[PDB]
>>> print(open('final.txt').read())   # compact mmCIF, C-alpha atoms and all ligand atoms
# COMPACT_ATOMS: atom_id res chain seq x y z
CA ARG A 1 236.40 172.74 133.27
CA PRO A 2 238.02 169.55 134.65
CA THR A 3 241.04 169.10 136.81
CA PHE A 4 244.15 167.86 135.09
CA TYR A 5 247.29 166.23 136.35
CA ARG A 6 250.80 165.89 134.92
CA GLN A 7 253.25 162.97 134.68
CA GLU A 8 256.21 161.88 132.54
CA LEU A 9 256.26 158.62 130.55
CA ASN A 10 259.35 157.62 128.50
CA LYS A 11 260.54 161.20 128.08
CA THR A 12 257.07 162.59 127.25
CA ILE A 13 254.86 164.68 129.58
CA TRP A 14 251.17 163.71 129.75
CA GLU A 15 248.69 166.23 130.99
CA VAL A 16 245.21 164.74 131.32
CA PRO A 17 241.92 165.06 133.17
CA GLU A 18 241.61 163.02 136.44
CA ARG A 19 238.90 161.02 134.75
CA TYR A 20 241.80 158.99 133.19
CA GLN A 21 243.92 156.85 135.51
CA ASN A 22 246.74 154.36 135.40
CA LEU A 23 248.31 155.70 132.24
CA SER A 24 250.37 152.88 130.77
CA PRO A 25 252.36 153.26 127.52
CA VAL A 26 251.47 150.92 124.63
CA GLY A 27 253.15 152.34 121.45
CA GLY A 28 251.50 160.27 118.25
CA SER A 29 252.30 158.19 121.34
CA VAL A 30 249.60 156.02 122.92
CA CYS A 31 248.83 155.13 126.51
CA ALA A 32 246.27 152.66 127.86
CA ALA A 33 244.22 154.23 130.68
CA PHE A 34 241.23 153.65 132.97
CA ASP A 35 238.17 155.79 132.28
CA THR A 36 236.83 156.24 135.79
CA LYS A 37 233.64 157.77 134.41
CA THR A 38 232.66 154.59 132.51
CA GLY A 39 234.86 151.82 133.83
CA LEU A 40 236.19 151.45 130.27
CA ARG A 41 239.78 150.81 129.42
CA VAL A 42 240.76 153.39 126.78
CA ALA A 43 243.56 154.45 124.52
CA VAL A 44 244.75 158.03 124.98
CA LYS A 45 246.80 159.31 122.05
CA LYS A 46 248.90 162.44 122.52
CA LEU A 47 249.54 163.88 119.03
CA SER A 48 253.19 164.35 118.10
CA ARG A 49 253.80 168.14 117.74
CA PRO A 50 250.50 168.87 116.02
CA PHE A 51 251.17 172.52 115.03
CA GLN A 52 254.90 172.29 114.18
CA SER A 53 254.18 173.11 110.55
CA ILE A 54 251.44 173.69 108.00
CA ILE A 55 251.50 170.00 107.08
CA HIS A 56 251.43 168.94 110.71
CA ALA A 57 248.58 171.32 111.43
CA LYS A 58 246.47 170.23 108.45
CA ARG A 59 247.01 166.60 109.42
CA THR A 60 246.01 167.29 112.95
CA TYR A 61 242.79 168.92 111.79
CA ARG A 62 242.20 166.09 109.26
CA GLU A 63 242.58 163.42 111.93
CA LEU A 64 240.25 165.13 114.40
CA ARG A 65 237.47 165.87 111.92
CA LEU A 66 237.50 162.35 110.64
CA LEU A 67 237.38 160.79 114.09
CA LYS A 68 234.60 163.18 115.17
CA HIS A 69 232.54 162.13 112.14
CA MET A 70 232.88 158.33 112.56
CA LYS A 71 229.90 157.13 114.57
CA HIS A 72 229.50 153.38 113.85
CA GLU A 73 230.04 150.20 115.85
CA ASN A 74 232.64 148.88 113.37
CA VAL A 75 234.73 152.02 113.06
CA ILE A 76 236.92 153.52 115.72
CA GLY A 77 235.36 156.69 116.97
CA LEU A 78 236.20 159.30 119.48
CA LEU A 79 235.23 158.92 123.13
CA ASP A 80 236.84 162.26 124.06
CA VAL A 81 239.26 164.88 122.92
CA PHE A 82 241.00 167.43 125.12
CA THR A 83 243.86 169.82 125.59
CA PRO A 84 245.31 171.14 128.84
CA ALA A 85 245.40 174.59 127.13
CA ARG A 86 242.92 177.14 128.62
CA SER A 87 243.07 179.41 125.52
CA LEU A 88 243.87 179.36 121.81
CA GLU A 89 247.04 181.33 122.61
CA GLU A 90 248.43 178.47 124.70
CA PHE A 91 246.88 175.67 122.56
CA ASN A 92 249.76 173.40 121.62
CA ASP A 93 248.84 169.79 122.54
CA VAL A 94 246.05 167.52 121.39
CA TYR A 95 244.89 164.29 123.09
CA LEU A 96 242.46 161.84 121.48
CA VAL A 97 240.62 159.18 123.48
CA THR A 98 239.21 156.02 121.97
CA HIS A 99 238.18 152.47 122.96
CA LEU A 100 241.12 150.27 123.80
CA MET A 101 240.55 147.08 121.79
CA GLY A 102 242.36 143.93 122.92
CA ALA A 103 244.16 142.74 119.81
CA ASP A 104 244.26 142.96 116.06
CA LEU A 105 243.62 140.64 113.23
CA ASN A 106 247.26 140.05 112.66
CA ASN A 107 247.67 138.80 116.23
CA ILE A 108 244.67 136.51 115.86
CA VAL A 109 245.59 135.09 112.48
CA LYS A 110 249.17 134.50 113.56
CA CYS A 111 247.97 132.68 116.64
CA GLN A 112 244.96 130.45 115.69
CA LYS A 113 243.30 128.62 112.75
CA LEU A 114 239.96 130.34 112.21
CA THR A 115 236.69 128.59 111.48
CA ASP A 116 234.63 129.62 108.52
CA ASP A 117 231.94 130.87 110.87
CA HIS A 118 234.42 133.11 112.61
CA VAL A 119 235.67 134.44 109.25
CA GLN A 120 232.17 135.22 108.20
CA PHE A 121 231.60 137.28 111.33
CA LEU A 122 234.96 139.16 111.06
CA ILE A 123 234.70 139.90 107.33
CA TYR A 124 231.03 140.79 107.70
CA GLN A 125 231.98 143.39 110.29
CA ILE A 126 234.75 144.90 108.18
CA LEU A 127 232.28 145.31 105.30
CA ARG A 128 229.65 146.78 107.51
CA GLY A 129 232.12 149.44 108.66
CA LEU A 130 233.33 149.87 105.09
CA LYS A 131 229.85 150.51 103.91
CA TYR A 132 229.46 153.39 106.35
CA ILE A 133 232.95 154.83 105.53
CA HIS A 134 232.33 154.62 101.83
CA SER A 135 228.90 156.21 102.14
CA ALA A 136 230.72 159.21 103.58
CA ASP A 137 232.86 159.46 100.42
CA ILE A 138 235.90 158.32 102.30
CA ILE A 139 238.40 155.70 101.07
CA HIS A 140 240.44 153.94 103.73
CA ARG A 141 243.40 153.06 101.44
CA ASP A 142 245.44 151.24 104.04
CA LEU A 143 243.24 148.32 105.17
CA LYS A 144 245.29 145.49 106.57
CA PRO A 145 245.17 143.04 109.45
CA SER A 146 246.98 145.40 111.89
CA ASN A 147 244.46 148.17 111.11
CA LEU A 148 241.55 145.99 112.33
CA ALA A 149 241.08 145.75 116.10
CA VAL A 150 239.15 143.09 117.85
CA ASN A 151 237.74 142.55 121.39
CA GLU A 152 237.48 139.19 123.15
CA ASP A 153 233.99 138.78 121.73
CA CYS A 154 235.42 139.26 118.24
CA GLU A 155 233.75 142.58 117.77
CA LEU A 156 235.73 144.35 115.13
CA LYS A 157 236.52 148.03 114.54
CA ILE A 158 238.38 149.53 111.61
CA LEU A 159 241.31 151.79 112.66
CA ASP A 160 242.79 154.90 110.97
CA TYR A 161 255.53 143.75 110.15
CA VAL A 162 252.37 143.38 108.17
CA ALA A 163 253.45 145.26 105.00
CA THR A 164 250.89 147.55 103.36
CA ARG A 165 251.84 146.54 99.85
CA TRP A 166 250.51 143.00 100.37
CA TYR A 167 246.93 144.34 100.66
CA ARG A 168 247.14 147.16 98.05
CA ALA A 169 244.87 147.05 95.02
CA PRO A 170 246.62 146.50 91.74
CA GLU A 171 245.48 149.85 90.39
CA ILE A 172 247.27 151.61 93.27
CA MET A 173 250.36 149.51 92.65
CA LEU A 174 250.23 150.64 89.01
CA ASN A 175 249.69 154.22 90.23
CA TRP A 176 246.27 155.03 88.79
CA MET A 177 245.26 158.60 89.78
CA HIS A 178 241.56 157.96 89.60
CA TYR A 179 241.13 154.84 91.74
CA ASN A 180 237.85 154.40 93.66
CA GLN A 181 236.43 153.09 96.93
CA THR A 182 236.71 149.48 95.69
CA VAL A 183 240.47 149.58 96.36
CA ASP A 184 239.32 148.80 99.96
CA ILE A 185 237.41 145.75 98.69
CA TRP A 186 240.55 144.40 97.13
CA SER A 187 242.14 144.72 100.61
CA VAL A 188 239.23 142.94 102.22
CA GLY A 189 239.56 140.06 99.70
CA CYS A 190 243.24 139.74 100.60
CA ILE A 191 242.46 139.81 104.32
CA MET A 192 239.70 137.23 103.91
CA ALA A 193 242.00 134.87 102.00
CA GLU A 194 244.57 135.12 104.75
CA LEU A 195 241.99 134.45 107.47
CA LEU A 196 240.87 131.36 105.67
CA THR A 197 244.33 129.95 104.95
CA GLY A 198 246.57 131.39 107.65
CA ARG A 199 248.77 132.69 104.84
CA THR A 200 249.47 136.05 103.30
CA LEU A 201 247.84 135.84 99.86
CA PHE A 202 250.32 138.07 98.00
CA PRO A 203 253.57 138.51 100.00
CA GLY A 204 255.55 140.45 97.38
CA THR A 205 259.21 141.35 98.01
CA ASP A 206 258.81 144.63 96.09
CA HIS A 207 256.35 146.37 93.83
CA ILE A 208 257.21 144.30 90.78
CA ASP A 209 257.01 140.96 92.58
CA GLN A 210 253.75 142.05 94.25
CA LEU A 211 252.21 142.48 90.81
CA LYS A 212 253.68 139.20 89.55
CA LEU A 213 252.02 137.42 92.50
CA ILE A 214 248.73 139.18 91.82
CA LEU A 215 248.61 138.49 88.12
CA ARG A 216 249.41 134.81 88.69
CA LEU A 217 246.11 134.50 90.57
CA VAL A 218 243.76 136.80 88.75
CA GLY A 219 245.24 136.58 85.22
CA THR A 220 246.47 139.28 82.89
CA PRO A 221 244.09 142.06 81.68
CA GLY A 222 241.80 141.43 78.78
CA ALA A 223 240.92 143.80 75.98
CA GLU A 224 237.93 145.17 77.93
CA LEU A 225 240.23 146.58 80.63
CA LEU A 226 243.01 147.60 78.19
CA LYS A 227 240.64 149.90 76.34
CA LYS A 228 240.21 151.79 79.65
CA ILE A 229 243.88 152.54 80.24
CA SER A 230 244.52 156.20 79.44
CA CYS A 231 248.27 156.37 79.65
CA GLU A 232 250.96 154.91 77.41
CA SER A 233 253.26 153.70 80.22
CA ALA A 234 250.57 151.57 81.81
CA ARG A 235 249.52 150.26 78.43
CA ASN A 236 253.15 149.44 77.57
CA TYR A 237 253.41 147.49 80.85
CA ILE A 238 250.19 145.58 80.41
CA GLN A 239 251.11 144.66 76.81
CA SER A 240 254.52 143.45 78.08
CA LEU A 241 253.15 140.67 80.21
CA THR A 242 252.97 136.99 79.52
CA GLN A 243 249.25 136.38 78.76
CA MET A 244 248.07 134.56 81.92
CA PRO A 245 244.74 132.98 82.57
CA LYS A 246 242.86 133.57 85.76
CA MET A 247 243.15 130.65 88.21
CA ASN A 248 239.95 129.00 89.25
CA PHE A 249 239.89 130.07 92.91
CA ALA A 250 238.43 126.69 93.96
CA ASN A 251 241.94 125.29 93.13
CA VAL A 252 243.55 127.87 95.30
CA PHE A 253 241.32 127.84 98.42
CA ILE A 254 240.81 124.09 98.60
CA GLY A 255 238.13 123.08 101.10
CA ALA A 256 236.92 126.59 101.82
CA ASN A 257 233.27 127.15 101.85
CA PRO A 258 232.34 127.59 98.19
CA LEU A 259 230.36 130.73 99.08
CA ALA A 260 233.59 132.12 100.55
CA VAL A 261 235.26 131.22 97.30
CA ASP A 262 232.55 132.88 95.28
CA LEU A 263 232.88 136.07 97.33
CA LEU A 264 236.62 136.11 96.95
CA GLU A 265 236.15 135.78 93.15
CA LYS A 266 233.98 138.92 93.33
CA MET A 267 236.41 140.88 95.49
CA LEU A 268 239.64 140.01 93.88
CA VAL A 269 238.76 141.27 90.39
CA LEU A 270 241.62 142.98 88.57
CA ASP A 271 239.31 145.56 86.95
CA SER A 272 237.99 147.80 89.77
CA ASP A 273 235.03 148.78 87.68
CA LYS A 274 233.87 145.16 88.00
CA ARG A 275 234.73 144.74 91.74
CA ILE A 276 231.86 144.17 94.14
CA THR A 277 231.05 147.13 96.50
CA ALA A 278 230.77 146.83 100.27
CA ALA A 279 226.98 147.21 100.16
CA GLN A 280 226.70 144.48 97.53
CA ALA A 281 229.07 142.19 99.49
CA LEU A 282 226.99 142.47 102.64
CA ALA A 283 224.01 141.00 100.74
CA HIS A 284 226.14 138.07 99.44
CA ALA A 285 224.93 134.62 100.65
CA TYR A 286 228.18 134.02 102.53
CA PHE A 287 226.90 136.41 105.21
CA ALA A 288 223.37 135.02 105.44
CA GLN A 289 223.79 134.35 109.18
CA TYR A 290 224.71 138.03 109.89
CA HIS A 291 223.24 140.14 107.15
CA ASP A 292 220.52 142.52 108.15
CA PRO A 293 219.87 145.46 105.81
CA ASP A 294 218.01 147.43 108.50
CA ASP A 295 221.11 147.45 110.73
CA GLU A 296 223.85 148.31 108.16
CA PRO A 297 223.78 152.11 108.46
CA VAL A 298 225.22 154.76 106.16
CA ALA A 299 226.96 157.94 107.41
CA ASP A 300 226.08 161.62 107.21
CA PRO A 301 227.78 163.40 104.38
CA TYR A 302 231.36 164.26 105.31
CA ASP A 303 232.68 167.68 104.32
CA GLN A 304 236.22 167.18 103.02
CA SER A 305 236.38 170.58 101.26
CA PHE A 306 239.23 171.64 103.66
CA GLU A 307 241.52 169.18 101.82
CA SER A 308 241.63 171.53 98.91
CA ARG A 309 242.36 174.62 101.05
CA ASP A 310 245.76 176.32 101.55
CA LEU A 311 245.79 177.94 104.97
CA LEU A 312 248.26 179.32 107.48
CA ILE A 313 249.41 177.33 110.53
CA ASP A 314 247.49 179.64 112.76
CA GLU A 315 244.41 179.07 110.69
CA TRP A 316 244.66 175.24 110.76
CA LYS A 317 245.41 175.50 114.53
CA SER A 318 242.42 177.68 115.28
CA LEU A 319 240.11 175.41 113.25
CA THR A 320 241.40 172.44 115.31
CA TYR A 321 240.84 174.37 118.53
CA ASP A 322 237.30 174.95 117.47
CA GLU A 323 236.77 171.22 116.77
CA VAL A 324 238.13 170.40 120.25
CA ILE A 325 235.96 172.96 122.05
CA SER A 326 232.82 171.94 120.17
CA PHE A 327 233.29 168.22 120.89
CA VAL A 328 230.09 166.57 122.20
CA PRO A 329 230.78 163.17 123.84
CA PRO A 330 228.89 160.09 122.73
CA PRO A 331 226.10 158.95 125.18
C1 LIG A 401 247.35 155.92 83.23
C2 LIG A 401 247.71 157.22 83.92
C3 LIG A 401 246.71 157.63 84.98
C4 LIG A 401 245.40 158.13 84.43
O1 LIG A 401 246.93 157.59 86.20
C5 LIG A 401 247.09 154.83 84.17
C6 LIG A 401 248.13 154.43 85.01
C7 LIG A 401 247.92 153.35 85.87
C8 LIG A 401 246.72 152.65 85.91
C9 LIG A 401 245.69 153.03 85.06
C10 LIG A 401 244.52 152.31 85.18
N1 LIG A 401 244.59 151.13 85.82
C11 LIG A 401 243.49 150.41 86.05
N2 LIG A 401 243.64 149.25 86.67
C12 LIG A 401 244.90 148.63 86.44
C13 LIG A 401 244.82 147.23 86.69
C14 LIG A 401 246.08 146.57 86.48
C15 LIG A 401 246.35 145.66 85.45
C16 LIG A 401 247.58 145.02 85.41
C17 LIG A 401 248.53 145.25 86.39
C18 LIG A 401 248.26 146.15 87.43
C19 LIG A 401 247.03 146.81 87.46
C20 LIG A 401 242.25 150.85 85.63
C21 LIG A 401 241.06 150.11 85.79
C22 LIG A 401 239.85 150.60 85.30
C23 LIG A 401 239.83 151.85 84.63
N3 LIG A 401 238.68 152.37 84.17
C24 LIG A 401 241.02 152.58 84.45
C25 LIG A 401 242.22 152.09 84.94
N4 LIG A 401 243.33 152.76 84.72
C26 LIG A 401 245.88 154.13 84.21
>>> encode(input="final.txt", output="structure tokens")
Amino acid sequence: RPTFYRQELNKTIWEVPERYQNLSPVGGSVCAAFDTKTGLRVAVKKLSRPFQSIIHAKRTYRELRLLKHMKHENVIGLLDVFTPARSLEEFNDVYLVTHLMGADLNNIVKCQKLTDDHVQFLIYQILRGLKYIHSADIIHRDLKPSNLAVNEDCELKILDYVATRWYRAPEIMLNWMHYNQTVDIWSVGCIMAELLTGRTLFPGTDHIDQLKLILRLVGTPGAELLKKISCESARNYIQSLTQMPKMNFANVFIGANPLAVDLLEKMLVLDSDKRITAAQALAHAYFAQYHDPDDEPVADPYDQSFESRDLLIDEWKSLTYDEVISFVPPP
């Protein structure tokens, strides 16, 4: 068992192993720290009251399991997890340790005009991480520039104002209950567009405007999609709209690499059934410089059956304790 030390930072007490030094607040609450064991700079997240309630406790468990499962170069994983508690009885605090990445894509994009090469590399990496996440039957749902962290070498990792709505797939905006993994592809298309133009592709003021902006680009639904809409409300909306043709994306992204344009056309498809998958996008010619199918790994199957369980706080808490105790660090 390691030796811990205590200290207070902005009206919060941090109790951590001596391994971690120079705790410095950066934003649960998150501190930057020095990992003496590896000379890495790391982010230490102390979870905000993880067992306050059933919903807090299930979330805490959900977060830990997910992070323990993610083992991929383009997805934030867990370097360490600990609690100062010596028993389940006193277990009331959870700390998660991950790589501290320098910046995020929103910082970058707001502060430099990217080259096509650089966009290729960045988008390639997002898709590589998406492939792995999707192969685990996980949907991110919240992809946006601030959820993508980058180091000075531009190595990218997917994490967990830049408004969420601006990256949300139209089927989520319309509230479809059976959306799929390709909602993340829509987000990637919107991120790619912004990297290439320095502009938010669809900066809606509200949900209605967001859809107006979207439909202006991609056109209104055809009959092939309308015959797939199960509910009257959504069909009444679609049939409301001024019949709009799809823009030719070459007239939107003027001077972009036409393979970038082609890829965007394949990402930003209104009908999610016809949207390219992450695996398929990785093999697109746009990423010819980076694509290697022998180094684009899939994940082990991820057991999400706990999502459908209704358990007591103590039960969620104990399960979390177990996940903490059983943690095996990465090499
Ligand atoms: C009906 C009620 C349910 C089952 O939730 C329903 C509500 C909302 C959305 C769908 C639905 N949407 C899409 N994509 C919508 C795309 C669109 C078009 C215009 C404006 C915004 C969004 C679907 C795509 C494909 C299939 N198979 C089904 C879809 N259902 C349904």
>>> atom_distance(input="final.txt", atom1="atom CA of residue 240 of chain A", atom2="atom CA of residue 201 of chain A")
24.0 Å
>>> residues_around(input="final.txt", residues="segment 297-307 of chain A", least_positions_apart="3", cutoff="6 Å", atoms="all atoms listed in the file", output="list in words")
residues 132, 135 and 136 of chain A
>>> write_last_selection(input="final.txt", atoms="C-alpha atoms", output="CSV table (one decimal), in the frame of the given file")
chain,number,residue,atom,x,y,z
A,132,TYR,CA,229.5,153.4,106.4
A,135,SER,CA,228.9,156.2,102.1
A,136,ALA,CA,230.7,159.2,103.6
>>> residues_around(input="final.txt", residues="residue 80 of chain A", least_positions_apart="4", cutoff="12 Å", atoms="only C-alpha atoms", output="list in words")
residues 16, 17, 19, 20, 35, 37, 42, 43, 44, 45, 64, 67, 68, 94, 95, 96, 97, 98, 99, 323, 324, 325, 326, 327, 328, 329, 330 and 331 of chain A
>>> closest_residue(input="final.txt", among="A:243, A:24, A:74, A:289", to="ligand LIG 401 (chain A)", atoms="all atoms listed in the file")
A:243
>>> residues_near_ligand(input="final.txt", ligand="ligand LIG 401 (chain A)", cutoff="10 Å", atoms="all atoms listed in the file", output="NGL selection string")
:A and (169-180 or 208 or 210-212 or 214-215 or 218-222 or 224-235 or 237-239 or 241 or 269-274)
>>> closest_residue(input="final.txt", among="A:81, A:119, A:313, A:319", to="residue 57 of chain A", atoms="all atoms listed in the file")
A:313
>>> residues_near_point(input="final.txt", point="(242.9, 128.3, 96.6)", cutoff="12 Å", atoms="only C-alpha atoms", output="PyMOL selection string")
chain A and resi 192-194+196-197+199+201+217-218+247-258+260-262+264-265
>>> closest_residue(input="final.txt", among="A:186, A:121, A:4, A:161", to="residue 286 of chain A", atoms="only C-alpha atoms")
A:121
>>> residues_around(input="final.txt", residues="residue 15 of chain A", least_positions_apart="2", cutoff="8 Å", atoms="only C-alpha atoms", output="NGL selection string")
:A and (4-7 or 13 or 17 or 84)
>>> residues_around(input="final.txt", residues="residue 153 of chain A", least_positions_apart="5", cutoff="12 Å", atoms="all atoms listed in the file", output="list in words")
residues 101, 102, 103, 118, 121 and 122 of chain A
>>> closest_residue(input="final.txt", among="A:316, A:267, A:284, A:182", to="residue 54 of chain A", atoms="all atoms listed in the file")
A:316
>>> build_atoms(input="final.txt", residues="segment 234-249 of chain A", atoms="N, CA, C and O atoms", output="PDB file, keeping the file's coordinate frame")
ATOM      1  N   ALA A 234     251.343 152.658  81.215  1.00  0.00           N
ATOM      2  CA  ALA A 234     250.570 151.570  81.810  1.00  0.00           C
ATOM      3  C   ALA A 234     250.160 150.618  80.716  1.00  0.00           C
ATOM      4  O   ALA A 234     250.211 149.404  80.909  1.00  0.00           O
ATOM      5  N   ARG A 235     249.797 151.148  79.559  1.00  0.00           N
ATOM      6  CA  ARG A 235     249.520 150.260  78.430  1.00  0.00           C
ATOM      7  C   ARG A 235     250.750 149.506  77.955  1.00  0.00           C
ATOM      8  O   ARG A 235     250.609 148.382  77.551  1.00  0.00           O
ATOM      9  N   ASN A 236     251.918 150.139  77.971  1.00  0.00           N
ATOM     10  CA  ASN A 236     253.150 149.440  77.570  1.00  0.00           C
ATOM     11  C   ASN A 236     253.446 148.311  78.561  1.00  0.00           C
ATOM     12  O   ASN A 236     253.746 147.165  78.145  1.00  0.00           O
ATOM     13  N   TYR A 237     253.294 148.579  79.851  1.00  0.00           N
ATOM     14  CA  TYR A 237     253.410 147.490  80.850  1.00  0.00           C
ATOM     15  C   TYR A 237     252.439 146.321  80.645  1.00  0.00           C
ATOM     16  O   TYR A 237     252.802 145.182  80.531  1.00  0.00           O
ATOM     17  N   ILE A 238     251.163 146.616  80.607  1.00  0.00           N
ATOM     18  CA  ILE A 238     250.190 145.580  80.410  1.00  0.00           C
ATOM     19  C   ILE A 238     250.530 144.747  79.156  1.00  0.00           C
ATOM     20  O   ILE A 238     250.591 143.528  79.211  1.00  0.00           O
ATOM     21  N   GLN A 239     250.793 145.404  78.035  1.00  0.00           N
ATOM     22  CA  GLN A 239     251.110 144.660  76.810  1.00  0.00           C
ATOM     23  C   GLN A 239     252.422 143.871  76.857  1.00  0.00           C
ATOM     24  O   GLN A 239     252.577 142.929  76.116  1.00  0.00           O
ATOM     25  N   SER A 240     253.337 144.254  77.736  1.00  0.00           N
ATOM     26  CA  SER A 240     254.520 143.450  78.080  1.00  0.00           C
ATOM     27  C   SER A 240     254.286 142.049  78.583  1.00  0.00           C
ATOM     28  O   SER A 240     255.121 141.181  78.362  1.00  0.00           O
ATOM     29  N   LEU A 241     253.208 141.834  79.328  1.00  0.00           N
ATOM     30  CA  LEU A 241     253.150 140.670  80.210  1.00  0.00           C
ATOM     31  C   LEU A 241     252.827 139.400  79.475  1.00  0.00           C
ATOM     32  O   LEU A 241     252.089 139.409  78.497  1.00  0.00           O
ATOM     33  N   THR A 242     253.316 138.297  80.012  1.00  0.00           N
ATOM     34  CA  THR A 242     252.970 136.990  79.520  1.00  0.00           C
ATOM     35  C   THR A 242     251.483 136.747  79.773  1.00  0.00           C
ATOM     36  O   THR A 242     251.074 136.672  80.916  1.00  0.00           O
ATOM     37  N   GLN A 243     250.692 136.677  78.697  1.00  0.00           N
ATOM     38  CA  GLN A 243     249.250 136.380  78.760  1.00  0.00           C
ATOM     39  C   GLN A 243     248.987 135.263  79.756  1.00  0.00           C
ATOM     40  O   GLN A 243     249.382 134.137  79.513  1.00  0.00           O
ATOM     41  N   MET A 244     248.354 135.570  80.889  1.00  0.00           N
ATOM     42  CA  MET A 244     248.070 134.560  81.920  1.00  0.00           C
ATOM     43  C   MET A 244     246.601 134.430  82.171  1.00  0.00           C
ATOM     44  O   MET A 244     245.869 135.439  82.266  1.00  0.00           O
ATOM     45  N   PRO A 245     246.134 133.181  82.248  1.00  0.00           N
ATOM     46  CA  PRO A 245     244.740 132.980  82.570  1.00  0.00           C
ATOM     47  C   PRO A 245     244.522 133.151  84.078  1.00  0.00           C
ATOM     48  O   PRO A 245     245.429 132.920  84.905  1.00  0.00           O
ATOM     49  N   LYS A 246     243.322 133.554  84.407  1.00  0.00           N
ATOM     50  CA  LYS A 246     242.860 133.570  85.760  1.00  0.00           C
ATOM     51  C   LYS A 246     242.800 132.143  86.287  1.00  0.00           C
ATOM     52  O   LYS A 246     242.238 131.275  85.614  1.00  0.00           O
ATOM     53  N   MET A 247     243.382 131.896  87.476  1.00  0.00           N
ATOM     54  CA  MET A 247     243.150 130.650  88.210  1.00  0.00           C
ATOM     55  C   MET A 247     241.685 130.506  88.628  1.00  0.00           C
ATOM     56  O   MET A 247     240.925 131.479  88.851  1.00  0.00           O
ATOM     57  N   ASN A 248     241.243 129.269  88.670  1.00  0.00           N
ATOM     58  CA  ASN A 248     239.950 129.000  89.250  1.00  0.00           C
ATOM     59  C   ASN A 248     240.237 128.972  90.765  1.00  0.00           C
ATOM     60  O   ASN A 248     241.009 128.144  91.259  1.00  0.00           O
ATOM     61  N   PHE A 249     239.591 129.879  91.484  1.00  0.00           N
ATOM     62  CA  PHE A 249     239.890 130.070  92.910  1.00  0.00           C
ATOM     63  C   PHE A 249     239.604 128.815  93.696  1.00  0.00           C
ATOM     64  O   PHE A 249     240.291 128.593  94.696  1.00  0.00           O
TER      65      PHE A 249
END
